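Read through the structure below, which is laid out as structure tokens, and then see the notes.
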Amino acid sequence: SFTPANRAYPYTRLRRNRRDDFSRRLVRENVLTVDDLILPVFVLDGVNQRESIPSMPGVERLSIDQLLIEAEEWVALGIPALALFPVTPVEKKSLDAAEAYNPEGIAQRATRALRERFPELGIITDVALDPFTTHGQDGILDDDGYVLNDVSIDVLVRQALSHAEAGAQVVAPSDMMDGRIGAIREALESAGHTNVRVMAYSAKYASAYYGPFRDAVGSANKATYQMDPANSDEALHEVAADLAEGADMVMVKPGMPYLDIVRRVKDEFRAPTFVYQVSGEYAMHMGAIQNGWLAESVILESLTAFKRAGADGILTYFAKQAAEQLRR
Amino acid sequence: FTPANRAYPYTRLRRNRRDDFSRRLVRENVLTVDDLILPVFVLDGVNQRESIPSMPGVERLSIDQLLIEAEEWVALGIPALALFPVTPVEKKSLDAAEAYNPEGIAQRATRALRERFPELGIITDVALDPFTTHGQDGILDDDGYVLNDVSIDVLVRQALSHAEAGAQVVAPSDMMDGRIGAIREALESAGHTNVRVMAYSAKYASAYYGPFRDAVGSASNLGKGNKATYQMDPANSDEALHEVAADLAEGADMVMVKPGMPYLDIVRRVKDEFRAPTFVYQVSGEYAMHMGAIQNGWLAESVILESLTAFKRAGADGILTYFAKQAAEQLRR
Amino acid sequence: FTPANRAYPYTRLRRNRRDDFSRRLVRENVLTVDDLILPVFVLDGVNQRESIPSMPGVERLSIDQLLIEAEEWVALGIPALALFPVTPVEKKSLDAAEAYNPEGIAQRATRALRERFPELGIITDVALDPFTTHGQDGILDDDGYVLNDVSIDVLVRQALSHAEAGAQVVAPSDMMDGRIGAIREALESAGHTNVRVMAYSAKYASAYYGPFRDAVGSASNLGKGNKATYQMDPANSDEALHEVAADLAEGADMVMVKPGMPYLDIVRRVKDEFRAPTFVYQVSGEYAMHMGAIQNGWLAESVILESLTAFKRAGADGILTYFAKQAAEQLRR
Amino acid sequence: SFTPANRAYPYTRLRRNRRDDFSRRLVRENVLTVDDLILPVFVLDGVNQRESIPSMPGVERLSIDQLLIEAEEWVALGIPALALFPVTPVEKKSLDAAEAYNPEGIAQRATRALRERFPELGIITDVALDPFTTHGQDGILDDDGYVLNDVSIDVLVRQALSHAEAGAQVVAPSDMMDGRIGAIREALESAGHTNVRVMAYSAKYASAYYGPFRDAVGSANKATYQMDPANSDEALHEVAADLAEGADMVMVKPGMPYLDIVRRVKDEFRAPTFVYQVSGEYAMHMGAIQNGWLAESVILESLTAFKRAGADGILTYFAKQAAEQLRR
Amino acid sequence: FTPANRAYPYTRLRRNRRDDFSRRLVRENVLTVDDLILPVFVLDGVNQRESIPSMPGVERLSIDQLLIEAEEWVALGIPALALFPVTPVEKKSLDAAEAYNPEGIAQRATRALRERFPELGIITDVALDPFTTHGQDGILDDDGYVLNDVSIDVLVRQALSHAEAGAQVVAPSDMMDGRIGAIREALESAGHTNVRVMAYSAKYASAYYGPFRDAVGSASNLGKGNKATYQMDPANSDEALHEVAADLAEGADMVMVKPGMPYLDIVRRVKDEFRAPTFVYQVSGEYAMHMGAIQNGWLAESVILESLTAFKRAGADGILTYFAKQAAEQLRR
Amino acid sequence: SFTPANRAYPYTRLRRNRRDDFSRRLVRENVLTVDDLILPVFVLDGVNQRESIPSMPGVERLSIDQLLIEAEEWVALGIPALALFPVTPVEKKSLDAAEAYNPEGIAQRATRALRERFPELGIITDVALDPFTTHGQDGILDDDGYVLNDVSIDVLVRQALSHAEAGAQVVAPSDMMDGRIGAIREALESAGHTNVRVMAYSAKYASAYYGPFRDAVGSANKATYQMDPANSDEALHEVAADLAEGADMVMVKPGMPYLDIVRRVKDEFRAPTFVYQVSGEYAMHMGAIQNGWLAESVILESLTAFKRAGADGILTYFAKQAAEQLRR
Ligand SMILES: [Mg+2]
Ligand SMILES: [Mg+2]
Ligand SMILES: [Mg+2]
Ligand SMILES: [Mg+2]
Ligand SMILES: [Mg+2]
Ligand SMILES: [Mg+2]
């Protein structure tokens with residue numbers, strides 16, 4: 001609620017608290033810390049390998065050995081968690097997305113390796129069929145090319161179970177099938193994975209901002225499962241279902257173009273609330289900074305926005321650069 | 001909000017997403033051309049057009065060229081322009097006198113447009129930053145601090161001069177405390193009964209204004225200077241409601257949040273709490289980052305309408321956007 | 001709040017508690033050094049340091065010693081000090097004239113600090129209790145009652161003298177009705193445009209101020225006297241909202257609850273209803289009880305940060321705390 | 001909600017009602033009475049025994065015969081209920097916490113004795129494994145030393161049933177296992193203990209304020225079941241679950257450092273709401289009073305705080321001293 | 001309110017009802033003697049006591065007898081009396097001049113009580129109905145309508161006279177628009193800084209005042225007259241919030257609902273919306289109906305405390321009740 | 001919600017609308033009509049019989065033939081419903097309350113008679129064991145004299161079914177057993193009584209105002225099932241359960257001493273909300289009117305109070321007198 005309390009110029013001058021650095025610090029409503037940051041990482045199949053991504057300047061795909069080397073620095077910076085995104089070899093893609101639950105799939109191998117080397121580092125796996133399907137569709141298709149809901153869930157459940165077996169502390173379904181959070185929850189509980197967190201992509205929109213991601217993972221209609229950008233009330237129904245179904249955290253994706261959604265979600269549910277600053281937001285920002293059009297300070301500014309809007313944690317490709325700025 | 005015990009599989013939220021016709025029926029918000037305001041950079045002189053490297057596709061234009069281009073903006077149905085003059089270097093001063101010159105660029109441009117296109121809205125910029133040698137939004141004391149009340153005296157003269165030139169809307173972008181009331185009191189006194197005041201109510205001390213400062217040429221004046229003693233801390237949300245409340249008490253006809261996309265949560269809170277006409281500026285840095293990504297082939301041209309739909313969804317009534325023409329074109333077609 | 005039908009075993013709230021990394025991600029509030037204000041007891045004279053038996057570890061300091069100690073407070077990043085002068089006995093009077101002496105301890109200390117540490121916030125104490133022979137916060141009528149409006153006249157002189165000495169913030173701790181408005185009107189008139197007024201809005205007639213009254217030396221003056229005709233009844237919560245509402249209407253830049261931990265529910269209500277910068281005093285008695293338990297080995301040193309985290313969680317923007325240095329040290333390390 | 005109603009100085013002078021004792025009494029919002037008070041008591045195994053506790057000055061551990069003697073005075077003062085805390089002999093501690101449900105365990109014996117002698121006195125037993133485990137962990141441990149949730153619940157249920165058999169009118173689970181209120185409720189109902197109250201420790205924090213208690217009971221990580229002190233929204237989810245699960249009362253612990261939590265709980269749920277002024281709060285206050293740093297009046301002041309914040313009842317080591325002050 | 005999915009048999013609300021100790025723990029409200037105000041009918045003369053047939057057990061008393069009885073009211077801890085004078089017939093007039101007579105019964109009684117019992121609260125009645133020949137609460141125009149502003153002029157004189165006699169609280173029971181502000185402005189001007197104003201804010205045009213009109217002797221004056229042009233329509237609830245809002249804006253220290261039990265829903269709305277000190281009058285008709293039933297053996301004496309507990313539960317801070325002594329006796333024992 | 005809208009004297013003068021009868025009528029917020037009225041009636045076992053009740057002046061007990069004669073007038077006045085209260089012969093009272101479900105019990109006979117003669121008249125039967133138990137206890141007793149919850153429900157269900165069989169359109173459980181609304185609902189549905197309304201006595205208080213009723217029915221502790229008069233929040237939990245359990249209407253009893261409860265119930269649930277102006281409220285009012293202490297107008301005034309507080313219907317012994325005043 002809001003009560004203006006009859007405040008009026010000149011008795012009230014809001015510039016007074018702005019006058020000095022010390023008073024600005026005292027009244028500052030929100031601060032970003034490294035504990036708000038999650039780093040998404042693109043993981044290759046090989047050894048001794050890194051690759052640059054044309055539409056995501058400065059982001060590398062890394063083989064698992066290279067991932068372990070870089071995680072030393074991420075852990076030193078205090079980054080609490082990584083979000084793993086495998087770059088599936090084309091030979092391993094299929095109509096049935098079976099690679100999703102392969103015990104020696106990239107995500108499963110990367111998870112085992114990280115859990116052993118850095119036991120305190122959070123590993124959030126991606127529960128999703130798009131990296132494993134022949135054309136990059138987000139699930140199993142019917143004769144009309146429609147992504148079947150419940151049949152896709154069956155595969156997502158096997159995948160989530162395989163991640164839990166590999167040691168993942170958090171599984172993060174990014175698929176937008178109806179009811180999948182509940183299905184995954186019933187399977188994790190039945191299997192005795194009682195502490196495995198489910199970070200639901202609850203209000204994920206049918207967005208043009210995912211363009212560069214598809215270059216990153218090598219996966220390059222969605223309006224039949226991802227949300228219409230026009231819709232806000234609908235996001236509340238999505239999150240309400242996911243919390244009833246057992247999610248430990250709920251996410252809004254994309255991020256900055258949906259800050260109003262972050263605010264409403266946090267205000268209405270008062271649950272742990274996450275947001276993804278996606279590949280397109282990263283690319284636009286990094287592009288402008290590299291062109292000398294925007295100052296490097298826009299990085300923190302965009303991240304501060306998430307905190308102010310109500311987010312508990314941010315999946316961001318800027319995580320390491322932000323961590324280094326926060327530290328010094 | 002009441003969830004009403006809705007539960008899978010009785011409730012499957014993909015059912016409404018199944019077909020175009022049903023997505024359309026349930027669609028919560030739609031952008032139209034009546035939501036669009038085009039900011040324009042206005043040069044002195046005749047037959048002048050200048051590219052802006054940090055705003056690819058945007059041109060500074062002399063008044064003659066402005067009048068020509070406005071034919072298609074009007075044909076597109078764009079309801080209003082926000083004018084931003086590019087002050088010649090020699091007209092910048094300590095006292096910012098050029099702000100209220102009846103022969104200033106902003107004043108000349110307003111008279112020309114009001115005569116040529118009587119139905120087109122003209123929103124003038126009330127601000128001293130285009131006219132100061134230091135590039136700060138007001139008059140400095142001997143410590144280099146921007147004096148609040150003394151700066152308002154100049155802003156008042158400026159707003160009065162815009163009303164005299166025929167501007168239907170004056171928009172104070174300065175972030176002085178109390179200037180909405182001061183300007184409103186001056187307009188009323190002078191008989192400018194229906195001149196609208198579009199307050200920049202919750203304008204943040206942001207890094208996203210870089211390309212604009214290049215465009216109007218205040219970048220070299222400002223140098224490394226900042227506006228943290230008047231523009232708002234990016235961290236602060238509750239404070240925005242206090243800013244808006246005062247501007248409404250002071251007589252604003254419209255209230256605005258700036259920047260736009262990095263502050264959509266502020267747009268939402270402001271529309272929810274006050275239920276007043278609420279405006280948002282998609283600023284130069286926002287424009288530049290989208291255009292850069294599009295020209296690189298990193299983002300599809302559809303992001304333009306996606307970014308604008310967000311403002312509508314968040315609660316905005318109108319959007320100042322350098323994409324206005326491209327958007328109106330795409331909405332028309 | 002909507003529970004969203006969450007139910008065991010689908011919802012197990014221990015899952016987020018399982019690992020340090022996930023506890024960290026979901027952590028709702030974190031104390032930083034920018035939340036801390038250090039109250040300091042200031043003696044007259046030179047090279048003076050005095051222990052306080054009821055506040056183990058806290059020293060009264062002369063200005064010279066204050067300036068030395070402040071080097072490490074600034075190095076620690078502590079944003080502000082709240083100054084509390086220890087008035088010599090012979091300077092106490094019926095009329096509390098010493099309150100506005102330009103050569104009073106508070107005034108001398110402010111000038112010295114503002115010159116030495118220009119970025120350090122100085123919050124002065126607007127109050128007559130250090131200066132009266134009876135120890136009450138104002139001027140007595142012939143029934144021994146603290147006169148409201150006549151006391152304000154003195155508080156106004158005092159606040160003006162602090163502004164003249166350079167104090168960025170004046171903090172009226174007196175609990176006279178209407179004094180925020182009176183002081184604000186005086187500051188504005190005199191041109192002190194940006195001097196902040198941190199109102200002690202909801203200050204309770206509490207027993208937890210004992211050690212402070214010892215520290216500043218008002219204990220012997222007050223004797224068995226009480227402040228129930230001005231400070232608030234501990235029983236009353238709704239009344240705090242009326243106190244805050246008035247202080248905001250009167251121009252306060254910040255509003256404060258005192259004491260702190262025994263009144264966390266008041267902090268919560270005040271931040272929830274007004275959404276204004278909200279401050280809380282962890283008072284001398286609170287300090288003393290924690291330090292006593294720690295020195296006895298009854299409570300671990302971690303209670304310090306636990307007690308301060310509570311203020312943040314409850315809604316406080318800033319905390320006046322005698323633990324500021326120990327806390328800043330522990331946050332730094 | 002709040003409406004300021006345009007009240008303004010000098011028309012409004014809030015000191016007017018403060019002018020006189022009579023008007024202060026008329027407008028006084030909250031009062032503490034003895035019916036708000038619950039006395040926690042430390043119960044020894046022997047006969048003819050009392051012991052002092054170094055970190056809780058003035059508090060005695062008492063054998064059951066001594067407990068019955070002292071309860072005469074507590075009953076005379078009108079104290080409605082005791083909260084029993086057994087001091088387990090070290091020979092009776094085990095990995096399996098079996099002493100928790102022993103029909104002749106201290107708590108069970110004390111309960112039978114009190115129920116017979118003072119039939120109108122409320123007896124609130126502590127449902128908890130920490131007094132009965134070899135090292136004082138709050139439940140049954142896995143190989144990694146993690147407190148297993150559901151397996152601990154099994155023992156807590158047997159304990160709660162044994163308390164109900166002994167005659168306890170209220171059982172009070174202080175363990176912070178997920179779902180235990182529901183488990184205890186299903187067992188009490190199945191067993192025909194239909195009027196046995198469950199007072200849930202709903203929002204119990206991982207606190208440094210419990211130090212002296214561990215000296216009192218002879219039990220001297222918790223962040224994996226007790227709440228992070230930083231978290232407020234989370235307390236609402238905890239209480240919502242406990243009410244759905246069948247709790248008759250909900251509690252916040254510790255007390256004064258969490259008054260904001262008391263306020264939110266009472267405001268949101270409007271259910272019987274309890275608060276524990278824990279051993280550390282008692283010790284700090286009593287210490288300062290004994291040192292001559294704080295006046296005895298801080299006792300009432302701290303207790304009045306609970307009432308004002310929304311608490312229906314307070315577990316306090318000051319109960320008897322407060323009862324004597326309230327009476328005269 | 002959130003039901004939190006509570007469901008039989010997991011939730012059995014009789015469990016807390018099972019034992020006295022648990023009912024006590026969960027008990028939401030408890031009446032104490034500090035909630036009680038005793039209205040008293042005061043006669044002229046010496047050694048006068050008169051029974052009231054319609055208020056069985058209540059006596060009109062001369063000042064001397066009042067002073068004697070007050071010894072036990074004070075011993076019982078009753079915080080305040082509300083004085084109601086029984087004006088001699090010959091002192092009633094068109095102009096209600098007796099209202100402000102310094103030697104009126106109300107004024108004499110106040111002086112006597114303030115001297116004898118300095119800690120006892122005295123609430124005087126600001127109203128013209130005891131003093132008019134027609135029995136209406138003010139001055140009539142030539143159509144027989146009660147003039148609003150002209151009546152306030154008299155009420156102001158009356159309130160001033162009560163403040164002069166030493167009354168700590170004046171209570172305007174007249175229901176003129178704006179009289180709270182008028183009286184407050186007069187008190188402030190004259191230096192009566194701390195005289196409380198207990199507004200009868202939402203006082204209904206009720207039939208339950210019959211026995212009171214007999215008690216003070218205004219019944220024969222009023223005859224068949226009604227007060228529907230000033231007292232509120234019994235049908236109206238929303239209107240009460242507008243009445244209260246104005247009285248608070250005008251400076252009331254306490255707001256009151258009258259009658260009491262037939263208007264408990266109004267007590268609840270008023271306390272919920274404003275969170276101010278809220279008072280309720282258990283009127284003469286309410287007293288009479290309870291006492292009649294008790295004396296008939298139709299209702300047990302326990303209804304007295306039940307009826308008073310209701311006011312507390314509904315949100316009242318204090319209750320004017322002719323049962324004050326019987327209640328204080330029963331609470332004491 | 002409430003917004004004062006800065007209204008201020010003298011621009012705002014609330015007496016303006018009060019100036020004239022016409023403007024008072026236009027702005028009048030609530031009106032009582034006969035459709036708000038329910039008449040409770042005391043029904044005797046015999047023929048050709050009426051009896052006066054000492055503590056309820058002007059109220060008669062009536063045999064069924066006399067009830068049918070009087071109902072002609074009640075129906076002519078437009079009174080929508082009667083609430084039947086049998087006066088059980090002492091020979092028919094028992095420990096097991098079997099008379100409660102007797103097909104030829106007074107309530108069942110009265111119901112059949114009225115349903116046949118006046119098919120449009122609402123008949124609300126009382127579901128309750130107190131008229132049928134040996135000493136007037138509100139249910140079946142254990143060895144300690146405690147009213148057993150679930151075992152009493154079994155009898156209440158058989159009674160409710162017998163009322164439904166007799167033709168009653170509404171059954172009204174006045175017992176305050178936990179969960180009885182649900183039990184009665186499951187039985188009515190199973191038995192095919194799908195349109196039988198259940199009017200729950202949801203927030204019924206342990207009150208002294210029931211004194212004269214006990215004289216009326218010949219039935220002359222309750223704190224273990226009826227609510228503590230001190231408790232308001234608790235009434236919300238009571239009504240929430242009864243609506244979840246299937247009640248078509250919810251009631252607050254007693255009436256005028258609980259108008260705040262009526263207001264909260266209607267505000268929070270927005271469901272059909274009833275209130276009982278009980279025998280003690282009737283007696284106090286009628287007593288004062290007969291003594292010449294209060295004018296007859298207090299009857300309407302008290303009834304108007306119910307409407308204003310949020311009640312949809314009022315059980316009142318004044319129903320006929322009020323109906324005649326409303327008509328003319
Ligand atoms: Mg979904
Ligand atoms: Mg502003
Ligand atoms: Mg104040
Ligand atoms: Mg729990
Ligand atoms: Mg009025
Ligand atoms: Mg019930």
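Naming works like this for the structure tokens: A, B, ... for the chains as they're shown, residue 1 at the start of each chain, ligands 1 onward in shown order.
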
Determine, counting only C-alpha atoms, which protein, DNA and RNA residues have an atom within 9 Å of an atom of range 107-122 of chain B; residues of the same chain fewer than 4 positions away are not included. Present the result as a short mmCIF file (atom, residue, chain, number, x, y, z; two decimals) with C-alpha atoms, in the first residue's frame.
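Output (part31.cif):
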data_model
loop_
_atom_site.label_atom_id
_atom_site.label_comp_id
_atom_site.auth_asym_id
_atom_site.auth_seq_id
_atom_site.Cartn_x
_atom_site.Cartn_y
_atom_site.Cartn_z
CA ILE B 37 5.42 10.10 -29.35
CA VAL B 42 16.22 20.14 -34.25
CA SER B 62 16.77 21.92 -39.51
CA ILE B 63 13.19 23.31 -39.27
CA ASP B 64 12.61 23.25 -43.04
CA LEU B 66 11.54 18.85 -40.01
CA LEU B 67 8.43 20.30 -41.70
CA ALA B 70 6.44 15.66 -40.47
CA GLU B 71 4.11 15.18 -43.50
CA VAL B 74 1.15 12.95 -39.62
CA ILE B 78 1.62 9.74 -34.93
CA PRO B 79 -0.18 11.99 -32.38
CA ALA B 80 2.75 14.11 -31.09
CA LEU B 81 6.43 15.10 -31.35
CA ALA B 82 8.79 15.88 -28.46
CA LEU B 83 11.19 18.61 -29.65
CA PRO B 85 16.92 21.61 -29.93
CA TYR B 100 13.56 31.54 -23.00
CA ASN B 101 14.65 33.31 -26.24
CA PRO B 102 11.47 33.78 -28.37
CA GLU B 103 13.79 33.19 -31.35
CA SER B 161 8.02 31.21 -23.87
CA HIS B 162 6.93 27.73 -25.17
CA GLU B 164 3.62 31.79 -26.21
CA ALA B 165 5.01 29.89 -29.25
CA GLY B 166 1.85 27.69 -29.17
CA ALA B 167 3.06 24.44 -27.54
CA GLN B 168 0.09 22.38 -26.40
CA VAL B 169 2.34 20.47 -23.88
CA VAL B 170 5.40 21.57 -21.89
#

- prompt: For chain A, which residues have at least one atom within 8 Å of chain C, if we go by only C-alpha atoms? Write them as a PyMOL selection string, please.
  reply: chain A and resi 1-8+10-17+19-23+25-29+35-37+80-81+120-122+182+185-186+189+194-197+240-241+243-248+268-270+272+312-313

Go ahead and write the selection's residues with C-alpha atoms as a JSON list (two decimals), in the first residue's frame.
[["chain", "number", "residue", "atom", "x", "y", "z"],
["A", 1, "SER", "CA", 0.00, 0.00, 0.00],
["A", 2, "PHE", "CA", 0.87, 3.75, -0.37],
["A", 3, "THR", "CA", 0.07, 6.78, 1.84],
["A", 4, "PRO", "CA", 1.49, 10.12, 0.48],
["A", 5, "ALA", "CA", 1.09, 11.66, 3.98],
["A", 6, "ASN", "CA", 0.36, 15.16, 2.63],
["A", 7, "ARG", "CA", 4.09, 15.76, 1.85],
["A", 8, "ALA", "CA", 4.51, 19.00, -0.11],
["A", 10, "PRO", "CA", 8.96, 23.21, -0.02],
["A", 11, "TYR", "CA", 8.62, 21.41, 3.34],
["A", 12, "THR", "CA", 9.38, 18.24, 1.45],
["A", 13, "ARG", "CA", 12.34, 18.56, -0.96],
["A", 14, "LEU", "CA", 13.27, 15.12, -2.21],
["A", 15, "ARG", "CA", 16.70, 16.42, -3.33],
["A", 16, "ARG", "CA", 17.84, 16.79, 0.32],
["A", 17, "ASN", "CA", 18.71, 13.02, 0.69],
["A", 19, "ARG", "CA", 22.65, 16.09, -1.64],
["A", 20, "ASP", "CA", 25.56, 13.94, -0.43],
["A", 21, "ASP", "CA", 27.00, 10.49, -1.06],
["A", 22, "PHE", "CA", 26.48, 9.53, 2.65],
["A", 23, "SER", "CA", 22.70, 10.24, 2.65],
["A", 25, "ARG", "CA", 23.89, 5.45, 0.75],
["A", 26, "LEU", "CA", 21.72, 5.57, 3.90],
["A", 27, "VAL", "CA", 18.40, 5.76, 1.97],
["A", 28, "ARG", "CA", 19.46, 3.47, -0.94],
["A", 29, "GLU", "CA", 16.60, 0.94, -1.25],
["A", 35, "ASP", "CA", 24.95, -13.74, -4.05],
["A", 36, "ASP", "CA", 22.29, -12.53, -6.49],
["A", 37, "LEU", "CA", 24.18, -13.87, -9.48],
["A", 80, "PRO", "CA", 26.81, -19.10, -5.93],
["A", 81, "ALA", "CA", 25.62, -21.10, -8.97],
["A", 120, "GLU", "CA", 29.80, -25.97, -2.54],
["A", 121, "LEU", "CA", 28.99, -24.64, -6.05],
["A", 122, "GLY", "CA", 25.30, -24.70, -7.05],
["A", 182, "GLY", "CA", 4.04, -31.35, -10.64],
["A", 185, "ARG", "CA", 8.07, -33.19, -8.32],
["A", 186, "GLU", "CA", 6.10, -36.47, -8.01],
["A", 189, "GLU", "CA", 9.86, -37.50, -4.40],
["A", 194, "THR", "CA", 13.82, -35.18, -1.57],
["A", 195, "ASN", "CA", 16.19, -32.17, -1.53],
["A", 196, "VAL", "CA", 16.51, -31.59, -5.24],
["A", 197, "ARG", "CA", 15.25, -28.03, -5.95],
["A", 240, "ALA", "CA", 0.24, -20.00, -8.82],
["A", 241, "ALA", "CA", 0.09, -23.41, -10.55],
["A", 243, "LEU", "CA", 3.95, -23.14, -6.57],
["A", 244, "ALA", "CA", 0.99, -25.49, -5.92],
["A", 245, "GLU", "CA", 2.86, -28.14, -7.96],
["A", 246, "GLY", "CA", 5.94, -27.91, -5.71],
["A", 247, "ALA", "CA", 8.44, -25.42, -7.26],
["A", 248, "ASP", "CA", 11.06, -24.13, -4.78],
["A", 268, "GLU", "CA", 1.53, -11.44, -5.10],
["A", 269, "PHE", "CA", 3.34, -14.65, -4.03],
["A", 270, "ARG", "CA", 6.27, -13.55, -1.78],
["A", 272, "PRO", "CA", 11.80, -16.97, -4.19],
["A", 312, "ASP", "CA", 16.04, -12.83, -5.55],
["A", 313, "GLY", "CA", 18.49, -14.05, -8.19]]

task: Among the residues of range 137-266 of chain D, find those DSSP assigns to strand (DSSP E) from the backbone and print them as a list in words.
output: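 Of range 137-266 of chain D, only residues 170, 171, 172, 173, 197, 198, 199, 200, 201, 202, 203, 204, 249, 250, 251, 252 and 253 of chain D fall in strand (DSSP E).
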
Just N, CA and C atoms for this one: save the residues we selected as a short mmCIF file (atom, residue, chain, number, x, y, z; two decimals), in the first residue's frame.
data_model
loop_
_atom_site.label_atom_id
_atom_site.label_comp_id
_atom_site.auth_asym_id
_atom_site.auth_seq_id
_atom_site.Cartn_x
_atom_site.Cartn_y
_atom_site.Cartn_z
N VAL D 170 -1.42 -30.09 25.52
CA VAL D 170 -0.79 -29.47 24.33
C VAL D 170 0.52 -30.16 24.06
N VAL D 171 0.75 -30.54 22.80
CA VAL D 171 2.09 -30.96 22.36
C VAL D 171 2.66 -29.87 21.41
N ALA D 172 3.95 -29.58 21.56
CA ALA D 172 4.60 -28.43 20.89
C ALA D 172 5.87 -28.86 20.15
N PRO D 173 5.72 -29.24 18.87
CA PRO D 173 6.87 -29.66 18.07
C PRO D 173 7.81 -28.50 17.78
N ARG D 197 -4.11 -30.46 21.72
CA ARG D 197 -3.65 -29.31 20.93
C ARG D 197 -2.24 -29.52 20.41
N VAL D 198 -1.99 -28.97 19.22
CA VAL D 198 -0.67 -28.94 18.65
C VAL D 198 -0.31 -27.47 18.51
N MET D 199 0.72 -27.10 19.27
CA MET D 199 1.27 -25.76 19.20
C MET D 199 2.54 -25.84 18.35
N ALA D 200 2.41 -25.48 17.07
CA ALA D 200 3.55 -25.58 16.15
C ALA D 200 4.59 -24.47 16.37
N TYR D 201 5.87 -24.85 16.49
CA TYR D 201 6.97 -23.89 16.28
C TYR D 201 7.08 -23.71 14.75
N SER D 202 6.36 -22.71 14.24
CA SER D 202 6.18 -22.55 12.81
C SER D 202 7.34 -21.81 12.17
N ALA D 203 7.68 -20.65 12.73
CA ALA D 203 8.78 -19.83 12.22
C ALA D 203 9.86 -19.72 13.30
N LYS D 204 10.70 -21.02 13.25
CA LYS D 204 11.76 -21.02 14.25
C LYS D 204 13.05 -20.83 13.47
N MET D 249 -2.33 -23.73 17.39
CA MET D 249 -1.62 -22.47 17.66
C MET D 249 -0.36 -22.49 16.82
N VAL D 250 0.11 -21.30 16.43
CA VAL D 250 1.38 -21.18 15.71
C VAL D 250 2.34 -20.26 16.51
N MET D 251 3.62 -20.61 16.52
CA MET D 251 4.64 -19.88 17.29
C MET D 251 5.78 -19.34 16.43
N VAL D 252 6.34 -18.21 16.89
CA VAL D 252 7.55 -17.56 16.34
C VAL D 252 8.60 -17.64 17.44
N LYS D 253 9.79 -18.09 17.08
CA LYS D 253 10.92 -18.25 17.99
C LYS D 253 12.26 -17.96 17.26
#

Cut-off 6 Å, only C-alpha atoms and all ligand atoms, neighbours of ligand 3 as a list in words: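 Counting only C-alpha atoms and all ligand atoms, the residues within 6 Å of ligand 3 come out as residues 175, 177, 201 and 243 of chain C.
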
Could those residues be written to a file, using N, CA and C atoms, as a short mmCIF file (atom, residue, chain, number, x, y, z; two decimals), in the first residue's frame?
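Saved the output as out22.cif:
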data_model
loop_
_atom_site.label_atom_id
_atom_site.label_comp_id
_atom_site.auth_asym_id
_atom_site.auth_seq_id
_atom_site.Cartn_x
_atom_site.Cartn_y
_atom_site.Cartn_z
N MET C 175 10.37 14.82 21.03
CA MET C 175 8.93 14.44 21.10
C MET C 175 7.97 15.58 21.55
N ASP C 177 5.10 18.01 20.13
CA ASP C 177 4.14 18.04 19.00
C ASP C 177 4.50 19.18 18.03
N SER C 201 10.25 10.02 15.31
CA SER C 201 8.81 10.10 15.17
C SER C 201 8.07 9.30 16.24
N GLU C 243 1.83 9.58 14.48
CA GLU C 243 3.10 10.33 14.71
C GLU C 243 3.89 10.48 13.41
#
